[PDB]
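J.: give me coordinates for this.
(chains A, B, C, D, E, F, G, H and I)
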Amino acid sequence: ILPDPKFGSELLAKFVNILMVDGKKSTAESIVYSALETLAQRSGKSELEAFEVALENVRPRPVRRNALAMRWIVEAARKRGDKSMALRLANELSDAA
Amino acid sequence: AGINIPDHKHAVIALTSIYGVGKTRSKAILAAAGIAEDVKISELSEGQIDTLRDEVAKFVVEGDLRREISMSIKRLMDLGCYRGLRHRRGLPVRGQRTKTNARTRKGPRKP
Amino acid sequence: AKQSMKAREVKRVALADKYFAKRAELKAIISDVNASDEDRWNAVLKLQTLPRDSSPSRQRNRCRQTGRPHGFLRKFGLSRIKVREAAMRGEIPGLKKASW
Amino acid sequence: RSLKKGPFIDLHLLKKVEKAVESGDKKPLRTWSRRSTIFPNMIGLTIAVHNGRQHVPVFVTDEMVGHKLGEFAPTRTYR
Amino acid sequence: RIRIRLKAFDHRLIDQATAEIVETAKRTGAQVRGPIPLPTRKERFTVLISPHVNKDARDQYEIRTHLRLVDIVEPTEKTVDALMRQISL
Amino acid sequence: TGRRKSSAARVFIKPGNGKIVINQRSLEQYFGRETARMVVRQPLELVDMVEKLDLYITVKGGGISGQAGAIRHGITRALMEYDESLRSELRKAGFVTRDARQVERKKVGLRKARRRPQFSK
Amino acid sequence: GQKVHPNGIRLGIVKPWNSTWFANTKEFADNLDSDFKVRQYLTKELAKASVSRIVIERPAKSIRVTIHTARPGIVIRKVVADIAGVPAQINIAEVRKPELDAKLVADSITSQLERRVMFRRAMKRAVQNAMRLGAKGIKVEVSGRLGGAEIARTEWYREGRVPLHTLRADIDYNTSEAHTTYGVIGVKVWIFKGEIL
RNA sequence: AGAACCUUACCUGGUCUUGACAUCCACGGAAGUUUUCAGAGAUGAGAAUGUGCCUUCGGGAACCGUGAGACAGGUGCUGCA
RNA sequence: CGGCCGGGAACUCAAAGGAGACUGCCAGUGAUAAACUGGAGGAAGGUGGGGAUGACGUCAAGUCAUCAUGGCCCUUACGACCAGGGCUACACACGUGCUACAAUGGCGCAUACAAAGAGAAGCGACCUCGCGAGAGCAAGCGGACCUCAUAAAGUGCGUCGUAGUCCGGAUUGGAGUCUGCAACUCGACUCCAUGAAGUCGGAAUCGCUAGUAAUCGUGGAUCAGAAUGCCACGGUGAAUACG
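T.: Numbering: from 1, shown residues only, chains lettered A, B, ... in the order given. Pasting the structure now:
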């Protein structure tokens, strides 16, 4: 299990792996980079790096809880398009805050 | 004219809306008439549209293409060749398989 | 795979090796297209007088000892069952269990 | 026929057309080589085609001057 | 200059043949260099076993024909004698 | 020298103080996608003497991550021939090189290597 | 139910091929047709000559046919020299152990079943004469119409040790087809000599 | 691991039947080649040419045709021989 | 400033001969036994991975249609030949894939990366013609050099923007190109136009635990030409295995 130490965040590495459908890695890296760009609007309190309010979601081991939460977040993200690389992060922010 | 009035589209994309001119034909017409490809019809002035009208009337128009297709298929069916017989009965003419496929040619799968 | 079928094959290849050179020159003079449309018409005239046989389009190259029209290769000249039996009994160089 | 060479019409069909012009009165023009196309000497002719089991006669004129011989007489049938 | 190619089937067979060739060439002289073993051509093709319905039954057959070659800088009379005791001039 | 999923890689030690040229081209020009540079920098940042010594590397075969792993094995073999204490220090951490995870041979009667075709009743 | 050929899987392992010649594709095909025709001709002309093994070698435009068999004083290359456009020579190798050759014991089994000797007695005599010589493993098998009745059976006898999942095994396997008034009888013979490779 | 014609084992009409394919007998002719006509082709009738290697020279040897007896051919049936 | 040549056998590669991991060692568990867990060394640690390797017998399973064969039958024939047609027919249903139902998407421009295999009654450099399938010319190569041979997803810029829309491609028309005596039933491809259904799939059912599935591309057998089939290889590369 190789992480991505460019941002660290093995959770973000798992997010890249779960958005890496059909194995496409560089496109998923561009996806998460646009995600970081859209998150840098507010950036919270190191919210661009880690997620605090996204853990205690409405659809709940802590690793398995985090995995089910990221599955629900990715599902609710890819459920819609309409400039998906912004609207998916908008749905993520709506489910988080 | 009255046909092909879209909104917020490029010139070559808009020119596909005419029955008889599509992508490559629109590219050829714009290259022959010196019209910009990436510009929109709202920002396009009428001075180039007045040339594009005869430039597209040089080739086949919607009604002329429709009546030519109708005349060709009615000629084939009155001549009564294998192509005309299959066109009258609703079967393909290019040697396709009518066993399980050719459902688009045969019609709805009701029975 | 019959005696009649292998007789057809040997008479077909014999007719091909007989009328090969004239058909080859005819295909050549059909291929060169610079002038002489009447000579092209006389070429297709000679081609139509030539029978439909004696051509690689007619050559089917089936098996030799069995005459099987299916399961043929242009390297061993036999059927699948016969080349498997040959590699089975071991009278041909190579053909071990390919495992990579 | 790659649409650039001369059209393919068989010699025996050609000589039967010649005999039809001479004395054959254009009626019993049986054709087995339906693979041949039509070139403009065959206008207003009654050509029988061996498309299936026997010969069926069709009337070919100048409107069908360029076509395939097997188009006119098919070999498919429905109940 | 003079390229002498040789082919065999077994690895020990082509090794013994190339050893005989290089020993004759060392007996002759002319500063013969060592063997140049080239990668072999793998001729594989799948064959259905029975003449009836079976798609899993397919044997795999391997062809490993060794093709090696040696080089000679200059052809001399002793090299011709060692030849007449594939060629490329 | 090292390899990774059919990607030959040759390394040559040369102190250049920031001189990384691959196939007579810079790394930013030849490679990219903002991931290969980082996964090559991952051994280069922890214990590799990232400055005052560089590597001239050439590749032949492989894709992107295959060539990345190939040049990673090349630079770790360069470190091994450089010294052995740094080899022990790298092996104490999670840097066990020579991971053999190549592609599996296509099977017979299947649509892919480990995918049986679909069958009904 | 469906095993592999011991010699066919151990071509490069213990028992080498019966043909040594390299050629290109057309040359390989013509050479295969030629060697198959001369082998069929030699078998149908000397089937009573106790022929066991036929090995062909072609170094460079020259045929060498070696016949490994027993009782060599039966024949003495004219036929192969007349049917081939390449000069050919023949060699005869009188090998020992005449009761262990698979072709010879198969010919004996077929001759006995055509002479209407009992099948159990024939297989027992074969395995006894092959084990008394000093072998290690002998497996015989007779398939198809055991007794000429309408019900076919595969009767096989085993003795000693006849391994088939050991690749270094010196096992020879042969098939024989006898054409009798009840049809055809197929005999598969296995002979295990030793364990060395 | 491959249907345009062959494939093709099938159907429409024309053919040949010791046969398309392997072998025996007696006779004639080396073999072979160019080419015309009837014809969808299979098929029949012509017009010229070549005439060898050996010669027991009433003939050897491959080859083409004529007549008959054996046979042959069958992807026709029975894997429940 | 092309490994192009001198130069070198350092390195890759090539094919050979060997070696390297065999419970080899320590601790603990386990009836000291067998055996198991953890750890060091080690590229590989518990048959490393994969292929091959198919027991006695079961289905009187398929094949006398590739073939061999007991019997039965045709033998002016079910035997040989010829042309056309069928094998590709179409009220309908089932199976295996492919293309999609787009925005990790389509298209326009520049551009990075291979393995493996094949080739001479062939591959085809290179030029010209053509918007094109391809045509004339033609060195080299039965071959690690010559040819197939420009891999694409990716990267960088731009275009739209959630619609049958610039997604997708069925059908049809006009005109060509290639192999082939011959492209109409009965080939493939291309120029243009038309661009349909399709907007994520019911009861139910299939494959998959690893650089596998998933996604994209390439080569070959077969073959005059004609495969979304089959056989091999490569690019990126998951999540889960509490039981």
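J.: where do the helices sit along chain A?
T.: Assigned by DSSP state H, the helices in chain A fall at A:10-18, A:25-39, A:62-78, A:84-96.
J.: from the contact counts, what lies against the third one?
T.: Based on contacts counted as 3 or more CB pairs under 8 Å, 6 or more residues apart in numbering or on different chains; DSSP states H and E, the elements that helix A:62-78 packs against are helix A:10-18, helix A:84-96. No exception for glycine: its C-beta is placed from N, CA and C like everyone else's.
J.: and for residue 83, the neighbour number?
T.: With no chain named, the answer covers chain A. Using other CB atoms under 10 Å in any protein chain shown, residue A:83 has 9 other residues around it.
J.: hmm, no, I was thinking of chain G.
T.: Residues near residue G:83, counting by other CB under 10 Å, number 12.
J.: skipping its backbone neighbours, what lies nearest it in space?
T.: residue G:38 (6.4 Å; CB to CB, 6 or more residues apart in numbering or on different chains).
J.: quick check: that neighbour is in a helix.
T.: Yes - according to DSSP: H, G, I helix; E, B strand; the rest coil, residue G:38 belongs to a helix.
J.: closest one to residue F:68 among the helices of chain A?
T.: With CB to CB as the criterion, residue F:68 lies closest to helix A:25-39 of these, at 11.6 Å.
J.: quick one: is the closest one near RNA strand I?
T.: Yes - residues of helix A:25-39 contacting RNA strand I under CB under 7 Å from any atom of the strand: A:25-31.
J.: what parts of chain C come near chain F?
T.: Within chain C, the residues that sit near chain F (CB under 8 Å from any CB of the partner chain) are residue C:100.
J.: which residues of chain C lie near chain G?
T.: C:64-65, C:74-78, C:86-97.
J.: residues near residue F:110, how many?
T.: Taking other CB under 10 Å as the criterion, the count of residues near residue F:110 is 12.
J.: and it, helix, strand or coil?
T.: Quick answer, by three-state DSSP: residue F:110 is coil.
J.: who are the contact partners of it?
T.: Residues near residue F:110 by CB atoms under 8 Å, 6 or more residues apart in numbering or on different chains: F:116-117.
J.: residue at max distance from the center of the chain?
T.: Chain wasn't specified; assuming chain A. Within chain A, residue A:61 marks the point farthest from the mean C-alpha position, 20.0 Å out by CA atoms, centre = their mean.
J.: was after chain E, sorry
T.: Chain E, farthest from centre, CA atoms, centre = their mean: residue E:53 at 40.3 Å.
J.: which neighbouring elements make contact with the helix ranked longest in chain E?
T.: Counting residues, the longest helix in chain E under DSSP H turns out to be helix E:11-28. Judged by 3+ CB pairs under 8 Å, 6+ apart, the packing partners of helix E:11-28 are strand E:2-8, strand E:64-72, helix E:77-83.
J.: swap the cut-off to 10 Å and go again
T.: Helix E:11-28 is packed against strand E:2-8, strand E:36-37, strand E:64-72, helix E:77-83, with contacts defined by 3 or more CB pairs under 10 Å, 6 or more residues apart in numbering or on different chains; DSSP states H and E.
J.: between those, which one is nearest to chain B?
T.: strand E:64-72 (44.0 Å; CB to the nearest CB).
J.: for residue 15, what are its contacts?
T.: Picking chain A for this. Neighbour list for residue A:15: A:4, A:9, A:28, A:31-32, A:35, A:51, A:70, A:73-74 [criterion: CB atoms under 10 Å, 6 or more residues apart in numbering or on different chains].
J.: oops, wrong one, chain F.
T.: Contacts of residue F:15 (CB under 10 Å, 6+ apart): F:49, F:51-54.
J.: distance of the closest residue to residue F:64 other than its chain neighbours relative to RNA strand I?
T.: Spatial nearest neighbour of residue F:64, excluding adjacent residues (CB to CB, 6+ apart): residue F:36 at 6.0 Å. In this view, residue F:36 and RNA strand I are 9 Å apart by CB to the nearest atom of the strand, to the nearest Å.
J.: doesn't residue F:70 make contact with residue F:36?
T.: No - with contact defined as CB atoms under 10 Å, residue F:36 does not count as touching residue F:70 (11.3 Å).
J.: between these two, which one's more packed in?
T.: residue F:70 (26 against 18).
J.: go ahead and confirm that one touches residue F:39.
T.: No - under the criterion of CB under 10 Å, residue F:70 makes no contact with residue F:39, lying 11.8 Å away.
J.: need the buried ones from the residues of chain C next to chain G selected in PyMOL.
T.: In PyMOL syntax, the buried subset of these is picked out as below (16 or more other CB atoms under 10 Å in any protein chain shown):
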select buried, chain C and resi 64+75+76+77+78+86+87+88+89+90+91+92+93+94+95+96
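J.: and the closest residue to chain E within chain G, how many neighbours?
T.: Nearest residue of chain G to chain E: residue G:22, at 5.3 Å (CB to the nearest CB). Residues within reach of residue G:22, counting by other CB under 10 Å, total 19.
J.: so who does it touch?
T.: Residues near residue G:22 by CB under 10 Å, 6+ apart: C:93-94, E:6-9, E:65-67, G:28, G:31, G:58-60.
J.: could you look up the SS state of it?
T.: Assignment for residue G:22 (three-state DSSP): coil.
J.: for whichever residue of chain D sits closest to RNA strand I, which non-adjacent residue is closest in space?
T.: The nearest approach of chain D to RNA strand I comes at residue D:70, 1.9 Å away (CB to the nearest atom of the strand). Distance criterion CB to CB, 6+ apart; nearest residue to residue D:70, sequence neighbours excluded, is residue D:34 at 4.2 Å.
J.: can you list the residues of chain D near RNA strand H?
T.: Taking CB under 7 Å from any atom of the strand as the contact definition, chain D meets RNA strand H at D:12, D:15-16, D:19, D:30, D:32-33, D:50, D:53-54.
J.: rewinding a little: you'd agree the residue nearest to residue D:70 is up against residue D:68?
T.: Yes - look at residue D:34 against residue D:68 with CB under 10 Å: they come within range, at 7.6 Å.
J.: give me the residues contacting stretch A:40-60.
T.: The contact list for stretch A:40-60, computed with CB under 10 Å, 6+ apart, reads A:7-9, A:11-12, A:15, A:35-39, A:62, A:65-66, A:68-73, A:75-76, A:89, A:92-93, A:95-97.
J.: among the helices and strands packed on helix E:11-28, which is nearest residue B:38?
T.: strand E:64-72 (58.2 Å).
J.: hmm, the closest one touching RNA strand I?
T.: Yes - counting by CB under 7 Å from any atom of the strand, RNA strand I is contacted by strand E:64-72 at E:64, E:66-68.
J.: and for stretch F:75-92?
T.: Yes - using CB under 7 Å from any atom of the strand, stretch F:75-92 reaches RNA strand I at F:88, F:91-92.
J.: out of those residues, who's the most crowded?
T.: residue F:91 (13 neighbours).
J.: who touches whichever strand or helix holds that residue?
T.: Using DSSP states H and E, residue F:91 sits within helix F:85-92. Applying CB under 10 Å, 6+ apart, the set of residues contacting helix F:85-92 from outside is F:43, F:46-49, F:76-77, F:79-81, F:83, F:95-97.
J.: between the lengthiest helix in chain F and helix F:85-92, how many degrees?
T.: Secondary structure of chain F per DSSP H: the longest helix is helix F:65-82. Going by axes from the mean of the first three to the mean of the last three CA atoms, to 10 degrees, helix F:65-82 is angled at 140 degrees with respect to helix F:85-92.
J.: phi, psi for the residue most central in space within chain C please.
T.: By CA atoms, centre = their mean, chain C has its centre lying nearest to residue C:59, at 3.1 Å. Main-chain dihedrals, residue C:59, degrees, to the nearest 10: phi -60, psi 120.
J.: excluding its backbone neighbours, what's nearest residue A:78?
T.: Using CB to CB, 6+ apart, the closest residue to residue A:78 is residue A:88 (6.6 Å).
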